[PDB]
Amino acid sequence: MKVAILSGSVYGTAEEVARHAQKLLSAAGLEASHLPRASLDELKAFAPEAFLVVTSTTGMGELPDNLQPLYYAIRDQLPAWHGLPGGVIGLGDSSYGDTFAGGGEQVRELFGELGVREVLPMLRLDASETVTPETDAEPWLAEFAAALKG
């Protein structure tokens, strides 16, 4: 099962979580690839059978500059990804007022518009209350692999 792992990150934290997720999901036997700064063309070539999106929120409440253009491109084209399984990890910040991981939530909304089915609740990580977000994500990733296949 081919799993496309997308990331949105200002300084690299969500990117590192996504990289860790790639290693864990591949260990479990999934064909998982981390596609940082992915284009629509790259995703089309990859032909994903599942999605994992790991994304922080900017100070302006938006998706980071490295995932936002792709978000808009996907929303515009609406590829035929209906029925595929997906999950989201949202790197929130409680100190800043982002407790709920706004970026993550915007990805959930996209999944809805695409017909991608969430297989787990979004993981809400709090970047202001952890120095180990990669390890914090491990229990959720353990269940996510089960949820995909199958």
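All residue numbers are counted from 1 along the displayed sequence.
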*Mean C-alpha temperature factor, higher of 48 to 56 and 119 to 127*: 119 to 127
*Of the two stretches 37 to 45 and 78 to 86, which shows the higher Cα B-factor on average in the entry?*
37 to 45
_Comparing recorded Cα B-factors across 104, 112, 29, 61, which one is largest?_
61
*Place residue 9 in the lowest, middle or highest third of its chain's C-alpha B-factors, as listed in the PDB entry.*
middle
*Chain thirds of CA B-factor: placement of residue 134*: highest
